[PDB]
A.B. asks: 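Have a look at this one before I ask anything.
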Amino acid sequence: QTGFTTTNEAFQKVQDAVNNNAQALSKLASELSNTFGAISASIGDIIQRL
Amino acid sequence: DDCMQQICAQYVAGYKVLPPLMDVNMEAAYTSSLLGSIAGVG
Amino acid sequence: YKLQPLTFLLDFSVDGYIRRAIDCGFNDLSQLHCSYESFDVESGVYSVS
Amino acid sequence: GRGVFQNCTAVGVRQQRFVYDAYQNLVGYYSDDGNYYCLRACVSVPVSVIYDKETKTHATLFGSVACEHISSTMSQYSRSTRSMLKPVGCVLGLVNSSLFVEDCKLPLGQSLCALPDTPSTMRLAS
Amino acid sequence: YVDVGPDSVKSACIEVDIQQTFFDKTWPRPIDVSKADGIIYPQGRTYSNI
(Lines give C-alpha, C1' and ligand atoms only; values in the text may rest on other atoms or scores of the structure.)
Protein backbone atom coordinates (compact mmCIF):
# COMPACT_ATOMS: atom_id res chain seq x y z
CA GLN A 1 0.00 0.00 0.00
CA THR A 2 2.83 2.44 0.68
CA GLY A 3 5.20 2.27 -2.26
CA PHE A 4 3.93 2.68 -5.84
CA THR A 5 5.88 5.83 -6.96
CA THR A 6 9.00 4.35 -5.24
CA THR A 7 10.92 1.65 -7.16
CA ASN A 8 8.18 -0.72 -8.48
CA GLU A 9 8.80 -2.22 -11.98
CA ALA A 10 5.07 -3.01 -12.52
CA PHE A 11 4.05 0.63 -11.82
CA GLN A 12 6.54 1.75 -14.52
CA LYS A 13 4.92 -0.70 -17.04
CA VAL A 14 1.60 1.13 -16.46
CA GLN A 15 3.24 4.48 -17.07
CA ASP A 16 4.97 3.08 -20.15
CA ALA A 17 1.65 1.99 -21.64
CA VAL A 18 0.10 5.38 -20.94
CA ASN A 19 3.11 7.12 -22.46
CA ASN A 20 3.04 4.82 -25.47
CA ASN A 21 -0.48 5.57 -26.56
CA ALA A 22 -0.22 9.24 -25.61
CA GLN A 23 2.98 9.71 -27.59
CA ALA A 24 1.64 7.88 -30.62
CA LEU A 25 -1.54 9.90 -30.76
CA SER A 26 -0.44 13.38 -29.80
CA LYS A 27 3.14 13.43 -30.99
CA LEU A 28 2.80 11.72 -34.34
CA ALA A 29 -0.61 12.83 -35.54
CA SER A 30 -0.39 16.40 -34.26
CA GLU A 31 3.21 16.99 -35.30
CA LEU A 32 3.21 15.68 -38.84
CA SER A 33 0.83 18.53 -39.37
CA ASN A 34 2.71 21.87 -39.00
CA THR A 35 5.61 21.41 -41.45
CA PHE A 36 5.66 18.40 -43.77
CA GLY A 37 6.29 19.91 -47.16
CA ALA A 38 8.23 22.64 -48.97
CA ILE A 39 6.02 25.76 -48.57
CA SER A 40 5.19 27.78 -45.40
CA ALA A 41 3.10 25.71 -42.93
CA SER A 42 -0.62 24.73 -43.20
CA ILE A 43 -1.55 28.04 -44.97
CA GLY A 44 -2.09 26.30 -48.35
CA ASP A 45 -0.59 29.36 -50.13
CA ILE A 46 -3.87 31.38 -50.16
CA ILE A 47 -2.74 35.03 -49.57
CA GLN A 48 0.81 34.39 -50.96
CA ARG A 49 1.57 32.29 -54.11
CA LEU A 50 -2.17 32.77 -54.95
CA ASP B 1 -16.16 23.11 -23.48
CA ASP B 2 -12.88 22.52 -21.67
CA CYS B 3 -11.17 23.46 -24.93
CA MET B 4 -13.30 26.62 -24.94
CA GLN B 5 -12.13 27.61 -21.45
CA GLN B 6 -8.42 27.82 -22.22
CA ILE B 7 -7.52 18.88 -26.33
CA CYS B 8 -5.88 18.98 -29.74
CA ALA B 9 -8.53 16.40 -30.70
CA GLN B 10 -11.28 19.07 -31.03
CA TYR B 11 -8.82 21.98 -31.67
CA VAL B 12 -7.10 20.84 -34.92
CA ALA B 13 -6.39 17.26 -36.08
CA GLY B 14 -9.72 15.47 -36.74
CA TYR B 15 -8.61 12.67 -34.35
CA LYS B 16 -11.14 11.63 -31.66
CA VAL B 17 -10.47 9.38 -28.68
CA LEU B 18 -13.28 6.88 -28.39
CA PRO B 19 -14.86 6.01 -25.03
CA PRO B 20 -13.73 2.79 -23.33
CA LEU B 21 -17.04 0.79 -23.76
CA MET B 22 -17.22 0.29 -19.99
CA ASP B 23 -17.62 2.92 -17.34
CA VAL B 24 -15.40 2.68 -14.29
CA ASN B 25 -18.31 1.49 -12.16
CA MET B 26 -18.96 -1.56 -14.33
CA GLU B 27 -15.29 -2.56 -14.34
CA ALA B 28 -15.18 -2.09 -10.59
CA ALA B 29 -18.27 -4.26 -10.28
CA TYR B 30 -16.50 -7.03 -12.18
CA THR B 31 -13.37 -6.92 -10.05
CA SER B 32 -15.39 -6.62 -6.85
CA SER B 33 -17.39 -9.73 -7.72
CA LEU B 34 -14.14 -11.56 -8.39
CA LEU B 35 -12.81 -10.49 -4.99
CA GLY B 36 -16.01 -11.74 -3.41
CA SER B 37 -15.61 -15.13 -5.05
CA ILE B 38 -11.89 -15.55 -4.17
CA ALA B 39 -12.27 -17.56 -0.98
CA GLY B 40 -15.06 -19.84 -2.10
CA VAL B 41 -14.11 -20.68 -5.67
CA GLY B 42 -10.69 -22.05 -4.73
CA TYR C 1 33.99 37.18 -29.14
CA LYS C 2 33.40 35.86 -32.64
CA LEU C 3 30.05 34.55 -33.85
CA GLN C 4 29.40 31.55 -36.05
CA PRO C 5 26.40 29.37 -36.99
CA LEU C 6 25.74 26.88 -34.22
CA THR C 7 22.88 24.95 -32.68
CA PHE C 8 22.03 25.78 -29.08
CA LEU C 9 19.60 24.52 -26.49
CA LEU C 10 17.89 27.63 -25.13
CA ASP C 11 15.86 27.83 -21.94
CA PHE C 12 13.16 30.49 -22.04
CA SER C 13 11.82 31.48 -18.65
CA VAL C 14 8.20 32.43 -18.05
CA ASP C 15 8.97 36.06 -18.83
CA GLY C 16 10.60 34.97 -22.07
CA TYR C 17 14.20 35.70 -21.11
CA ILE C 18 17.02 33.25 -21.75
CA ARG C 19 18.92 32.42 -18.58
CA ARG C 20 20.37 29.04 -19.61
CA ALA C 21 21.86 27.67 -22.80
CA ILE C 22 23.92 24.76 -24.07
CA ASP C 23 25.98 24.44 -27.23
CA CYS C 24 25.64 20.99 -28.72
CA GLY C 25 29.17 20.69 -30.09
CA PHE C 26 31.19 20.81 -26.89
CA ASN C 27 31.28 18.09 -24.23
CA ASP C 28 29.76 14.84 -25.48
CA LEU C 29 27.55 15.55 -22.47
CA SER C 30 26.19 18.65 -24.17
CA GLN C 31 25.57 16.74 -27.38
CA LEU C 32 23.62 14.39 -25.15
CA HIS C 33 21.64 17.32 -23.77
CA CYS C 34 20.84 18.72 -27.20
CA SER C 35 19.50 15.32 -27.99
CA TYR C 36 16.58 14.82 -25.59
CA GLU C 37 16.39 18.65 -25.56
CA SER C 38 16.63 18.73 -21.79
CA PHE C 39 18.88 20.01 -19.06
CA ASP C 40 18.44 16.69 -17.24
CA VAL C 41 19.35 13.40 -18.91
CA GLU C 42 18.92 10.11 -17.09
CA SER C 43 21.99 8.23 -15.96
CA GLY C 44 23.24 5.58 -18.33
CA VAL C 45 25.90 4.62 -20.83
CA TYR C 46 25.40 6.55 -24.04
CA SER C 47 27.09 6.02 -27.38
CA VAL C 48 28.63 9.25 -28.65
CA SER C 49 30.07 10.14 -32.04
CA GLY D 1 -4.90 32.80 -39.75
CA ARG D 2 -7.91 31.87 -37.65
CA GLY D 3 -8.39 31.70 -33.93
CA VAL D 4 -10.12 32.93 -30.81
CA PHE D 5 -8.59 35.70 -28.73
CA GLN D 6 -9.07 36.25 -25.03
CA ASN D 7 -8.00 38.69 -22.35
CA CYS D 8 -5.09 36.93 -20.77
CA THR D 9 -2.10 37.42 -18.40
CA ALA D 10 1.10 38.75 -20.07
CA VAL D 11 3.82 36.22 -20.63
CA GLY D 12 6.55 36.83 -23.19
CA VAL D 13 8.99 39.65 -23.79
CA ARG D 14 6.56 42.34 -25.11
CA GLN D 15 9.04 43.89 -27.51
CA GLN D 16 8.40 41.19 -30.05
CA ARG D 17 4.63 40.98 -30.08
CA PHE D 18 4.31 37.29 -31.03
CA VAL D 19 4.83 34.45 -28.55
CA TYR D 20 4.96 30.92 -29.94
CA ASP D 21 5.31 27.50 -28.32
CA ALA D 22 7.72 24.75 -29.26
CA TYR D 23 6.50 24.78 -32.87
CA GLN D 24 5.37 27.32 -35.42
CA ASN D 25 1.87 27.69 -34.04
CA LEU D 26 1.26 31.16 -32.64
CA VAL D 27 -0.16 31.20 -29.09
CA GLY D 28 -0.64 34.57 -27.35
CA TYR D 29 0.67 38.02 -28.33
CA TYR D 30 0.84 41.73 -27.37
CA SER D 31 -1.88 43.68 -29.28
CA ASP D 32 -1.44 47.39 -30.12
CA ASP D 33 -3.07 49.27 -27.12
CA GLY D 34 -1.44 47.05 -24.47
CA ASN D 35 -3.14 43.77 -23.66
CA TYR D 36 -2.05 40.13 -23.63
CA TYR D 37 -4.38 38.07 -25.83
CA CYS D 38 -3.55 34.36 -25.63
CA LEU D 39 -5.22 33.00 -28.75
CA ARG D 40 -6.31 29.47 -29.57
CA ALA D 41 -7.23 27.83 -32.86
CA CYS D 42 -10.73 27.62 -34.28
CA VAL D 43 -12.31 24.43 -32.99
CA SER D 44 -14.24 21.69 -34.78
CA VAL D 45 -17.27 19.68 -33.68
CA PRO D 46 -16.77 15.91 -34.12
CA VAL D 47 -19.70 13.85 -35.34
CA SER D 48 -20.57 10.18 -35.75
CA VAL D 49 -23.53 8.15 -36.98
CA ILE D 50 -25.41 5.26 -35.36
CA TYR D 51 -26.92 3.15 -38.10
CA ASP D 52 -28.87 -0.05 -37.23
CA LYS D 53 -29.03 -1.51 -40.75
CA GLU D 54 -32.12 -3.60 -39.97
CA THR D 55 -34.65 -0.86 -39.25
CA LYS D 56 -32.62 1.70 -41.25
CA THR D 57 -33.04 4.13 -38.35
CA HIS D 58 -30.00 6.32 -37.72
CA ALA D 59 -28.94 8.84 -35.07
CA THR D 60 -26.25 11.49 -34.74
CA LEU D 61 -23.68 11.70 -31.94
CA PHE D 62 -21.51 14.72 -31.22
CA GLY D 63 -18.64 13.35 -29.16
CA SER D 64 -17.88 15.27 -25.97
CA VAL D 65 -20.05 18.24 -26.95
CA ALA D 66 -22.41 19.81 -24.43
CA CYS D 67 -26.13 19.97 -25.11
CA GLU D 68 -26.21 23.77 -24.89
CA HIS D 69 -23.22 24.31 -27.14
CA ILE D 70 -24.81 23.07 -30.36
CA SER D 71 -28.27 22.97 -31.90
CA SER D 72 -30.04 20.88 -34.50
CA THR D 73 -29.73 22.07 -38.09
CA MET D 74 -26.83 24.18 -36.89
CA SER D 75 -25.96 27.11 -39.19
CA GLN D 76 -23.01 28.53 -37.16
CA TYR D 77 -20.68 25.82 -38.59
CA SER D 78 -19.23 25.94 -42.17
CA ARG D 79 -19.11 22.02 -42.62
CA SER D 80 -18.41 20.62 -46.15
CA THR D 81 -21.40 18.12 -46.54
CA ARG D 82 -24.30 19.20 -48.91
CA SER D 83 -27.12 18.73 -46.24
CA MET D 84 -27.61 17.32 -42.68
CA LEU D 85 -29.29 14.11 -41.36
CA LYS D 86 -33.02 13.43 -40.66
CA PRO D 87 -32.31 18.00 -27.25
CA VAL D 88 -30.98 17.06 -23.81
CA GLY D 89 -29.05 14.04 -25.00
CA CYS D 90 -25.56 14.74 -23.64
CA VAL D 91 -25.20 11.70 -21.42
CA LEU D 92 -21.68 11.18 -22.78
CA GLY D 93 -21.94 13.44 -25.76
CA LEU D 94 -24.87 15.23 -27.30
CA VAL D 95 -26.92 12.82 -29.40
CA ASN D 96 -29.97 13.88 -31.48
CA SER D 97 -32.49 11.00 -30.91
CA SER D 98 -35.07 9.77 -28.31
CA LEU D 99 -33.26 8.80 -25.06
CA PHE D 100 -33.75 7.80 -21.36
CA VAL D 101 -35.69 4.66 -22.46
CA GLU D 102 -36.46 2.01 -19.74
CA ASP D 103 -33.20 1.78 -17.68
CA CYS D 104 -32.79 -2.04 -17.50
CA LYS D 105 -33.14 -2.53 -21.30
CA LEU D 106 -29.56 -3.24 -22.54
CA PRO D 107 -28.41 -6.81 -21.59
CA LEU D 108 -26.67 -6.61 -25.03
CA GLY D 109 -26.50 -3.53 -27.30
CA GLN D 110 -24.88 -1.77 -30.30
CA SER D 111 -22.99 0.26 -27.62
CA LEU D 112 -22.89 3.85 -28.91
CA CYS D 113 -20.67 4.91 -26.03
CA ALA D 114 -19.27 3.57 -22.78
CA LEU D 115 -22.69 3.25 -21.07
CA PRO D 116 -25.59 3.59 -23.67
CA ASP D 117 -26.39 0.58 -25.94
CA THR D 118 -28.84 2.31 -28.44
CA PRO D 119 -31.46 -0.54 -28.89
CA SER D 120 -33.72 0.64 -31.78
CA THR D 121 -36.59 -1.73 -32.79
CA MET D 122 -34.19 5.51 -31.37
CA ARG D 123 -34.82 4.47 -27.78
CA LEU D 124 -31.16 4.98 -27.01
CA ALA D 125 -29.35 5.61 -23.73
CA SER D 126 -29.97 2.51 -21.58
CA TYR E 1 25.12 63.31 -47.81
CA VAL E 2 24.73 64.74 -44.33
CA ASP E 3 25.77 67.95 -42.58
CA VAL E 4 28.25 66.25 -40.27
CA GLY E 5 29.79 69.58 -39.30
CA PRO E 6 32.90 71.56 -40.16
CA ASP E 7 36.24 69.90 -40.79
CA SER E 8 38.97 70.12 -38.17
CA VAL E 9 40.59 73.55 -38.16
CA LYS E 10 43.68 72.28 -36.34
CA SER E 11 46.85 71.95 -38.40
CA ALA E 12 48.41 69.02 -36.53
CA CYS E 13 47.29 65.89 -34.70
CA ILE E 14 48.01 65.26 -31.04
CA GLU E 15 51.04 63.06 -30.38
CA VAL E 16 50.26 59.41 -29.63
CA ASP E 17 52.45 57.05 -27.59
CA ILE E 18 52.17 53.28 -28.09
CA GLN E 19 53.21 51.14 -25.12
CA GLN E 20 51.79 47.71 -25.89
CA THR E 21 53.45 46.03 -22.91
CA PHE E 22 51.43 48.17 -20.52
CA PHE E 23 48.18 46.83 -21.98
CA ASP E 24 49.18 43.15 -21.90
CA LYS E 25 47.26 41.72 -18.95
CA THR E 26 45.38 38.48 -18.28
CA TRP E 27 41.84 38.84 -16.95
CA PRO E 28 40.13 35.77 -18.42
CA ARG E 29 36.39 36.22 -18.84
CA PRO E 30 35.35 33.29 -21.02
CA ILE E 31 31.93 32.76 -22.54
CA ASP E 32 29.72 30.82 -20.12
CA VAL E 33 26.50 29.75 -21.83
CA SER E 34 25.34 28.29 -18.53
CA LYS E 35 24.21 31.86 -17.82
CA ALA E 36 23.52 32.88 -21.42
CA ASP E 37 26.62 34.96 -22.06
CA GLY E 38 26.50 36.64 -25.44
CA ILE E 39 23.15 35.28 -26.62
CA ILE E 40 21.34 37.11 -29.41
CA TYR E 41 17.63 36.67 -28.86
CA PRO E 42 15.64 35.19 -31.76
CA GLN E 43 14.45 38.08 -33.83
CA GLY E 44 10.72 38.09 -34.45
CA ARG E 45 9.32 35.93 -31.68
CA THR E 46 9.22 35.17 -27.97
CA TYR E 47 8.48 32.07 -25.93
CA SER E 48 7.11 31.05 -22.56
CA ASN E 49 8.78 28.68 -20.11
CA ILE E 50 9.49 26.07 -22.80
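Each chain gets a letter, A, B and so on, in the order the sequences are listed, and its residues count up from 1.
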A.B. asks: Give a yes or no on whether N20(A) atom CG has more than 12 heavy-atom contacts from other residues, nucleotides or ligands under 6.0 Å away.
C.D. replies: yes
A.B. asks: Are there residues of residues 10-20 of chain B whose heavy atoms fall under 4.5 Å of chain A's heavy atoms? If so, which?
C.D. replies: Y15(B), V17(B)
A.B. asks: Should the heavy atoms of other residues, nucleotides or ligands under 6.0 Å from CZ of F11(A) be counted, would the total exceed 12?
C.D. replies: yes
A.B. asks: List the residues meeting side chain to side chain donor-acceptor pair (under 3.5 Å) with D45(A), not counting sequence neighbours, and say none if there are none.
C.D. replies: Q48(A)
A.B. asks: Does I47(A) have more than 12 heavy atoms from other residues, nucleotides or ligands lying within 6.0 Å of its CD1?
C.D. replies: no
